[PDB]
Amino acid sequence: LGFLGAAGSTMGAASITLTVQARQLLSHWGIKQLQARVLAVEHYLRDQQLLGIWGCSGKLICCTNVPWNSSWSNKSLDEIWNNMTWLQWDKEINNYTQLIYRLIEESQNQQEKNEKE
Amino acid sequence: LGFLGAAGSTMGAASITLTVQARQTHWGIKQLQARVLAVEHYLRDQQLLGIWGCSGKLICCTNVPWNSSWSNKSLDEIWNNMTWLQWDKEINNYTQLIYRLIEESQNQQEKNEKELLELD
Amino acid sequence: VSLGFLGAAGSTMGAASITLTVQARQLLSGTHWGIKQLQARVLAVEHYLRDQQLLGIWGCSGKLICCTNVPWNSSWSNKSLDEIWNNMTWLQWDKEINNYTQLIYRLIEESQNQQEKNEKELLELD
Amino acid sequence: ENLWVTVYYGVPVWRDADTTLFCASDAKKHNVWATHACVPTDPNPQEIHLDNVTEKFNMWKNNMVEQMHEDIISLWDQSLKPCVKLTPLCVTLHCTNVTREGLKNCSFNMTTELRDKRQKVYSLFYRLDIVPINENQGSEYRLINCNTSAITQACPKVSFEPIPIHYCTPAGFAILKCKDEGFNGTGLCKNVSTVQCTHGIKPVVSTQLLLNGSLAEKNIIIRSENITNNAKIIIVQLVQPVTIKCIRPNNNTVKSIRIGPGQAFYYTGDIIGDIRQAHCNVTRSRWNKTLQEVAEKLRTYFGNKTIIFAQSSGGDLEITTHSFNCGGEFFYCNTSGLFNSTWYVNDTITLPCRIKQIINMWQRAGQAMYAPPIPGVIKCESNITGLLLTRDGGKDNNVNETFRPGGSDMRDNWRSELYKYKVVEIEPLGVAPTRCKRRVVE
Amino acid sequence: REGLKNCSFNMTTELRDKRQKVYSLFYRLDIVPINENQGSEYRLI
Amino acid sequence: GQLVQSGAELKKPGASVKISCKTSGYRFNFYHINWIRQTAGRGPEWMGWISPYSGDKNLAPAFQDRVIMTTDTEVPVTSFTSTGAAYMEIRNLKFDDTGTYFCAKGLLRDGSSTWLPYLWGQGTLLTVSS
Ligand SMILES: *[C@@H]1O[C@H](CO)[C@@H](O[C@@H]2O[C@H](CO)[C@@H](O[C@@H]3O[C@H](CO[C@H]4O[C@H](CO)[C@@H](O)[C@H](O[C@H]5O[C@H](CO)[C@@H](O)[C@H](O)[C@@H]5O)[C@@H]4O)[C@@H](O)[C@H](O[C@H]4O[C@H](CO)[C@@H](O)[C@H](O)[C@@H]4O)[C@@H]3O)[C@H](O)[C@H]2NC(C)=O)[C@H](O)[C@H]1NC(C)=O
Ligand SMILES: *[C@@H]1O[C@H](CO)[C@@H](O[C@@H]2O[C@H](CO)[C@@H](O[C@@H]3O[C@H](CO)[C@@H](O)[C@H](O[C@H]4O[C@H](CO)[C@@H](O)[C@H](O)[C@@H]4O[C@H]4O[C@H](CO)[C@@H](O)[C@H](O)[C@@H]4O)[C@@H]3O)[C@H](O)[C@H]2NC(C)=O)[C@H](O)[C@H]1NC(C)=O
Ligand SMILES: *[C@@H]1O[C@H](CO)[C@@H](O[C@@H]2O[C@H](CO)[C@@H](O[C@@H]3O[C@H](CO[C@H]4O[C@H](CO)[C@@H](O)[C@H](O)[C@@H]4O)[C@@H](O)[C@H](O[C@H]4O[C@H](CO)[C@@H](O)[C@H](O)[C@@H]4O)[C@@H]3O)[C@H](O)[C@H]2NC(C)=O)[C@H](O)[C@H]1NC(C)=O
Ligand SMILES: *[C@@H]1O[C@H](CO)[C@@H](O[C@@H]2O[C@H](CO)[C@@H](O[C@@H]3O[C@H](CO)[C@@H](O)[C@H](O)[C@@H]3O)[C@H](O)[C@H]2NC(C)=O)[C@H](O)[C@H]1NC(C)=O
Ligand SMILES: *[C@@H]1O[C@H](CO)[C@@H](O[C@@H]2O[C@H](CO)[C@@H](O[C@@H]3O[C@H](CO)[C@@H](O)[C@H](O)[C@@H]3O)[C@H](O)[C@H]2NC(C)=O)[C@H](O)[C@H]1NC(C)=O
Ligand SMILES: *[C@@H]1O[C@H](CO)[C@@H](O[C@@H]2O[C@H](CO)[C@@H](O)[C@H](O)[C@H]2NC(C)=O)[C@H](O)[C@H]1NC(C)=O
Ligand SMILES: *[C@@H]1O[C@H](CO)[C@@H](O[C@@H]2O[C@H](CO)[C@@H](O)[C@H](O)[C@H]2NC(C)=O)[C@H](O)[C@H]1NC(C)=O
Ligand SMILES: *[C@@H]1O[C@H](CO)[C@@H](O[C@@H]2O[C@H](CO)[C@@H](O)[C@H](O)[C@H]2NC(C)=O)[C@H](O)[C@H]1NC(C)=O
Ligand SMILES: *[C@@H]1O[C@H](CO)[C@@H](O[C@@H]2O[C@H](CO)[C@@H](O)[C@H](O)[C@H]2NC(C)=O)[C@H](O)[C@H]1NC(C)=O
Ligand SMILES: *[C@@H]1O[C@H](CO)[C@@H](O[C@@H]2O[C@H](CO)[C@@H](O)[C@H](O)[C@H]2NC(C)=O)[C@H](O)[C@H]1NC(C)=O
Ligand SMILES: *[C@@H]1O[C@H](CO)[C@@H](O[C@@H]2O[C@H](CO)[C@@H](O)[C@H](O)[C@H]2NC(C)=O)[C@H](O)[C@H]1NC(C)=O
Ligand SMILES: *[C@@H]1O[C@H](CO)[C@@H](O[C@@H]2O[C@H](CO)[C@@H](O)[C@H](O)[C@H]2NC(C)=O)[C@H](O)[C@H]1NC(C)=O
Ligand SMILES: *[C@@H]1O[C@H](CO[C@@H]2O[C@@H](C)[C@@H](O)[C@@H](O)[C@@H]2O)[C@@H](O)[C@H](O)[C@H]1NC(C)=O
Ligand SMILES: *[C@@H]1O[C@H](CO)[C@@H](O)[C@H](O)[C@H]1NC(C)=O
Ligand SMILES: *[C@@H]1O[C@H](CO)[C@@H](O)[C@H](O)[C@H]1NC(C)=O
Ligand SMILES: *[C@@H]1O[C@H](CO)[C@@H](O)[C@H](O)[C@H]1NC(C)=O
Ligand SMILES: *[C@@H]1O[C@H](CO)[C@@H](O)[C@H](O)[C@H]1NC(C)=O
Ligand SMILES: *[C@@H]1O[C@H](CO)[C@@H](O)[C@H](O)[C@H]1NC(C)=O
Ligand SMILES: *[C@@H]1O[C@H](CO)[C@@H](O)[C@H](O)[C@H]1NC(C)=O
Ligand SMILES: *[C@@H]1O[C@H](CO)[C@@H](O)[C@H](O)[C@H]1NC(C)=O
Ligand SMILES: *[C@@H]1O[C@H](CO)[C@@H](O)[C@H](O)[C@H]1NC(C)=O
């Protein structure tokens, strides 16, 4: 356990510790200290804004309506969840991450239109 | 359209664009103040939504009845004949009152939901 | 009819639950001087977000009152509900469990993560 | 029909607001405006046209102007803090004529690296920078700043060249821009659009003519808080630029002396070749065309009175002459050759100029700067973009009106670029009645 | 009463090479005698 | 919490008596102070109660014309405890009034049963004789 103690663990095993890293994202020279404090806040809020945009706010794990594109990865769920770390996983899809994020946002926009009816 | 592109449109027409608008040494000091200011305004609005129970939604229905003294206009008169800018002026003296009523209703709702769960 | 900010502080915990929104609101709202004002503004934001960080992790975000799946431990308190809700202020209560506050928080976080893991699995089976 | 309160977020509502703005600049000597500190600009800036929106603008109440003025002064002051203090420079000077009397050859005891030693220095000074000491011998002089302020040398490594500055607004706030083809900076604007930042604005400083600014799209635009009140400044924006070319023909030889540990003073040791007065050239045909067009538009406010242009009535050099920064040298030019004209409806102009090394751009008591001389021949060209005019009131004679250049308020230069912008706060929350009622448990 | 003394000194001027003679009244509390104790010469505290 | 009472004394018929009730270890103003009588020929009987917070009292119909209740202003010891006293005066004493008198502390600050006499003092004897 401990902060990032799961970093070398399998992606499935690591999911048991998500709350461990979710916490402690928050907490002349007076200016220097404030810039760092603001930066910690901005990064925290940046991630929270994305979750709000995706409709995932308030959840550690959030399912979406976006289908997986096999070109992002052809690996099976068993290979991904039990034979990889999250660090390795991010590298494999590092060039598709921004695309995936945009697709989630588009899917939420369609959902909002349907909820209005 | 775009950011605030709906501002001249009617209140009803504007409702489709809420998703779009939901988004968004000397110089270094001013940038620090700018960054703090942007954060305070983002959180100010989220603070109210979280209290109201409306968080995560662009449109949130409540249990507070409309008071005709706030406006005597029919829904067609409001939603299709006005901009949000015009509407904001009409209820400018009642907006804080409405906010308090929403908050009171939320606390009563959650208290009642707690009691229902206690009985199960 | 409001008691005002902290007007409920002397009230019983059950009565105090009526006024939670009074306290929840204004957490953000309430040159030598210029720097002090900037520090005050940043601090208020950190304070507000600290509590929200915990609520988002607990799944309690967006709610004034949030029920959980964590059982009460009699070692934290042996009091009956009437002894707590009708006979105490929140100020007294916080002191009674002050040593267990962090312990409880970790248990809530663990329960939330397992709950969401299970909710995903239930959906995967459908 | 039971109506219920419904909460909306992302609502297109705004109100006028005063905000802190920050600079942005395109990626790229050291610049005095410290634009390297600025946020990189978006490679493709966004603008949103607002249909069915009419908004009130008032360039004279626009607080972006006052904020920009403070930014310009603050940057200027910071740039001088590391630079040489020249406190030792203020000492009795003994002066003679050089080898127009615009220059004098002065001798003085300057300080040296060691406190025990002094060094005689000969240098050229402009007569404008010097005040005689009333011994009535005519040989003893002092620098003009000595009875008012300490003077600081500008660093030779810092350029005064203007760089466009984009003013950007914090999230939750936005800038509205007026797009009307002709707009006098006040009243309602029919075509309104929203931008995150302004177009880049050059921090050009001038006293009578506006240089290197934006042009009017179709017609000359005349702006004033109140035309009838002659006290108010009139800002005129031209459709087409008039090129002004300026030169300092003298070949200055620049020499330097250490005046203490870590410090040095720069001065002109001599001039090579004949000494000649600085001057600027404005094309006569373009200028006469320009004045006529300005007169035709001014005439529409005055009941078809004859339009007379005239030179400034008097006062301080900073007011009575056109000033600008060219090559890092500070010019003062006599514009009476430009503004001497009358219009009855029915080659080049050469303006003499003088250069000062001692300046006070913001007209602040207790402050002064010494510009170092720039070696060799100095040449530049600029576009006259607009005019600053005032009017002579107090007369009931309806035959004519008289206009004169310039004014004391430096902030009016910023207004010429900022008149089209307004800062507003965005308020995403609002409430309105609907038939919808919130669902509850059981 | 010795609440005040009339002091004289050569003060600096706008120009480094020039000096001016200044006469001024000072409160005795701000004035300290030179340790030579001549009684005619003083310095600021 | 603890309650103590004025010691026993002998009275003549028709005499008035005043009984103190000093308290400690709890906030005096947070709870009702009850007075309860017991006699051999009657058993336990209520004399009603007083709230030090509002000064409000509820006297039983039997005693409304003969019993007066008052309280002292509380003096704090800790932020959550204080000291103070309640007093009861009985006028026109009869031989029928002989017996043990008790002072008692209210049960809860809220809920349906706030005034119940959770803590009792030792009680003292009142005697009437001619
Ligand atoms: C500060 O601290 C004080 C002291 O702790 C707090 O006061 C307590 O507040 C709670 C609020 O709920 C009180 O609970 C209630 O108690 C009453 C008791 O009845 C008495 O008080 C009445 C006050 O109006 C009074 O009317 C009664 O007497 C009159 O009427 C009777 C009947 O006709 C008559 O016989 C008398 O002669 C009088 O004419 C009587 O003195 C009780 O009635 C209440 O019951 C309702 O509410 C509960 C809870 O919801 C509910 O369960 C019941 O079914 C019912 O609906 C209720 O129990 C408590 O008694 C107060 N304590 C004291 C010592 O006074 C105060 O609130 C604190 N302040 C702050 C700011 O927090
Ligand atoms: C209105 O707009 C016009 C057009 O933009 C402005 O005119 C242009 O202004 C620029 C900047 O002054 C000018 O470019 C310079 O040309 C000079 C020609 O002699 C150069 O000497 C100069 O470079 C030197 O100065 C720079 C100052 O920042 C240094 O960064 C640079 O390194 C040079 O200095 C070094 O080299 C010289 C070599 O001689 C040496 O003496 C120095 O000590 C140092 O070592 C620039 O390249 C354009 O030529 C101008 N354009 C025209 C058509 O004239 C005009 O100024 C604007 N008006 C106002 C009021 O702002
Ligand atoms: C750098 O600095 C040095 C030092 O200041 C300058 O050298 C001095 O130059 C001045 C002339 O400019 C010399 O002045 C002359 O001094 C004579 C002697 O002074 C008597 O009085 C002084 C006290 O005041 C005594 O100390 C001294 O012993 C003498 O008893 C005067 O007689 C001269 O007077 C005549 O000229 C003045 C000019 O203004 C007239 O007003 C008088 O009426 C009269 O005609 C004169 O004052 C001085 O002596 C020099 N000092 C030294 C140490 O040599 C340098 O010139 C200067 N360098 C530069 C480039 O400025
Ligand atoms: C650090 O890396 C090692 C090697 O990858 C991890 O070892 C593996 O740990 C898991 C448990 O976390 C073991 O899983 C179990 O395997 C048995 C069969 O051996 C099975 O019956 C269980 O149901 C379960 O799947 C796994 O075998 C083990 N691998 C090896 C090769 O021993 C270790 O867990 C890593 N540590 C962390 C904290 O992630
Ligand atoms: C501003 O306008 C004046 C007047 O038109 C310009 O003056 C002209 O400058 C040129 C170039 O220096 C002069 O021509 C040269 O004169 C010398 C004289 O010895 C000769 O040897 C060269 O062969 C050449 O002919 C010209 O005579 C002069 N005109 C006048 C009336 O003096 C000036 O150059 C303009 N300034 C700028 C920056 O354009
Ligand atoms: C600094 O010196 C100059 C030159 O002697 C002074 O200039 C004159 O000042 C008077 C007022 O005291 C004005 O009426 C004159 O018009 C000034 N003359 C010119 C040519 O500008 C100046 O006042 C002195 N500054 C101070 C603060 O005493
Ligand atoms: C000063 O004015 C001249 C025109 O008189 C400007 O140069 C012309 O600008 C237009 C528009 O960009 C171009 O189409 C022309 O080709 C330019 N002419 C030449 C000869 O290059 C010039 O840019 C203006 N200067 C400033 C600083 O705005
Ligand atoms: C700029 O344009 C505005 C709008 O046309 C002018 O303001 C109006 O001027 C007329 C002049 O007769 C007045 O009757 C109106 O009442 C003005 N309107 C308002 C809202 O004040 C303004 O005068 C023009 N400015 C200049 C310098 O010409
Ligand atoms: C524009 O300026 C004129 C001139 O100052 C103002 O009119 C004058 O107002 C004063 C009273 O304040 C009168 O005594 C003058 O007789 C007026 N002059 C004329 C020519 O009528 C005018 O009010 C200003 N307009 C605005 C909108 O402020
Ligand atoms: C200004 O004067 C200097 C000195 O005469 C000129 O530069 C010198 O020119 C001679 C002859 O070409 C060269 O041998 C020297 O090496 C030059 N000196 C330097 C430092 O470069 C200079 O060209 C003149 N400027 C103008 C515009 O004529
Ligand atoms: C600007 O130039 C004009 C024209 O040279 C100057 O006006 C002259 O000033 C001198 C001053 O001694 C007078 O002798 C002339 O009679 C004036 N000419 C006219 C036609 O009046 C004017 O003073 C200059 N401005 C400045 C600030 O120097
Ligand atoms: C322009 O208007 C002025 C008045 O504002 C006229 O001035 C008068 O001119 C006559 C000569 O024509 C003189 O005798 C007067 O003394 C002048 N008056 C003032 C108040 O100075 C001037 O003549 C007019 N110009 C034209 C071309 O008609
Ligand atoms: C109500 O509380 C009275 C005072 O005790 C204090 O508060 C209680 C809730 C505990 O926290 C205790 O440790 C404190 O000292 C009690 O005297 C009274 O009996 C309580 N009433 C009931 C019904 O429990
Ligand atoms: C509307 O507001 C007024 C405010 O005085 C109130 O009296 C009235 O009861 C309210 N109406 C409803 C239906 O709540
Ligand atoms: C609200 O109050 C303002 C004055 O503060 C008044 O001008 C406006 O008309 C009022 N609005 C309504 C709807 O009564
Ligand atoms: C209750 O607390 C004790 C420690 O006091 C702990 O050992 C026990 O496991 C706890 N029970 C639960 C269900 O958490
Ligand atoms: C908390 O622990 C300390 C010892 O570390 C103890 O003195 C104190 O009484 C405890 N608090 C409670 C409410 O049990
Ligand atoms: C400079 O020359 C002028 C004549 O042009 C003369 O009046 C003046 O006295 C001269 N100055 C000196 C210091 O010789
Ligand atoms: C100024 O005078 C000194 C001393 O005579 C001389 O060396 C210097 O060259 C002169 N400067 C000019 C430009 O004549
Ligand atoms: C001013 O213009 C007149 C013609 O209107 C002309 O005669 C006169 O010489 C001009 N003055 C100057 C200084 O150019
Ligand atoms: C000031 O200077 C004069 C020069 O003659 C001298 O006599 C006097 O003593 C000086 N005063 C002081 C206080 O040193």
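Heads up: the sequence lines are chains I, D, B, C, A and E, in that order. For the first sequence, the positions run 520 to 546, 570 to 659 when the entry's author numbering is used. For the second sequence, the positions run 520 to 543, 569 to 664 when the entry's author numbering is used. For the third sequence, the positions run 518 to 547, 569 to 664 when the entry's author numbering is used. For the fourth sequence, the positions run 32 to 59, 65 to 135, 143 to 145, 154 to 184, 184A, 185 to 309, 312 to 322, 322A, 323 to 354, 356 to 396, 396A, 397, 412 to 507 when the entry's author numbering is used. For the fifth sequence, the positions run 143 to 145, 154 to 184, 184A, 185 to 194 when the entry's author numbering is used. For the sixth sequence, the positions run 2 to 52, 52A, 53 to 72, 72A to 72H, 73 to 82, 82A to 82C, 83 to 100, 100A to 100F, 101 to 113 when the entry's author numbering is used. Backbone N, C-alpha and C define an ideal beta-carbon position, used for all residues, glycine too.
Quick one: residues in its chain with C-beta nearer than 8 Å to the C-beta of residue i, no 5 flanking neighbours on either side, listed in chain order?
i                 : result
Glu144 of chain A : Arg178
Report back the beta-carbon spacing between residue i and residue j to the nearest angstrom; my notes put them in contact at under 8 Å.
i                 : j                 : result
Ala55 of chain C  : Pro76 of chain C  : 7 Å
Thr75 of chain E  : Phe29 of chain E  : 7 Å
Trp103 of chain E : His33 of chain E  : Between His33 of chain E and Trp103 of chain E the Cβ distance is about 13 Å, and since that is not below 8 Å, they are no contact.
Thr110 of chain E : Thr87 of chain E  : 6 Å
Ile646 of chain D : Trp596 of chain D : 5 Å
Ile37 of chain E  : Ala93 of chain E  : 6 Å
Tell me residue i's beta-bridge partners as DSSP assigns them.
i                 : result
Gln3 of chain E   : E:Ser25
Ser375 of chain C : C:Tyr384
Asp620 of chain D : Its beta-bridge partners do not exist; DSSP assigns none.
Sorted by chain position, which residues of the same chain lie with C-beta nearer than 6 Å to residue i's C-beta, five sequence neighbours on each side aside?
i                 : result
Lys444 of chain C : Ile297
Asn607 of chain D : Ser649
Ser199 of chain C : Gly431, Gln432, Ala433
Just to confirm my understanding: we take residue i, look at its own chain, exclude 5 residues before and 5 after, and list those with CB closer than 7 Å. What are they?
i                      : result
residue 142 of chain C : No atoms are given for residue 142 of chain C, which sits in the stretch of chain C between 135 and 143 that the model skips.
> Can you list, in chain order, every residue whose CB sits closer than 6 Å to a heavy atom of ligand 10?
Replying inline: C:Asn301, C:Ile323, C:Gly441, C:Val442
> Which residues, in chain order, does the segment 523-546 of chain B contribute to contact with chain E at a C-beta distance below 8 Å?
Replying inline: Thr529, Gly531, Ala532
> Which residues have their C-beta within less than 5 Å of a heavy atom of ligand 7, listed in chain order?
Replying inline: C:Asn262, C:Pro291, C:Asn448
> Can you list, in chain order, the residues of the segment 614-640 of chain B whose Cβ is nearer than 7 Å to any Cβ on chain E?
Replying inline: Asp620, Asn624, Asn625, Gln630
>> As a quick check of your reading: which residues have a C-beta less than 7 Å from at least one non-hydrogen atom of ligand 12, in chain order?
In response: C:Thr358, C:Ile360, C:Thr394, C:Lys460, C:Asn462, C:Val464, C:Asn465
> For ligand 5, which residues count as neighbours when the test is a C-beta closer than 7 Å to any heavy atom?
Replying inline: C:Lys295, C:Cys296, C:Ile297, C:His330, C:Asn332, C:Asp412, C:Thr413, C:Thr415, C:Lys444
> Listed by chain order, which residues have C-beta atoms less than 6 Å from any heavy atom of ligand 15?
Replying inline: D:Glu634, D:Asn636, D:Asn637
> When Cβ atoms are compared, which residues of the segment 186-211 of chain C fall closer than 7 Å to chain A?
Replying inline: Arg192, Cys196, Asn197
> So which residues touch the region around ligand 1, with touch meaning a C-beta under 7 Å from any heavy atom?
Replying inline: B:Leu520, B:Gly524, B:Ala525, B:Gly527, B:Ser528, B:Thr529, B:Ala532, E:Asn30, E:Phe31, E:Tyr32, E:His33, E:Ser52, E:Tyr53, E:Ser54, E:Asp56, E:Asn58, E:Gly95, E:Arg98, E:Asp99, E:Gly100, E:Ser100A, E:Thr100C, E:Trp100D
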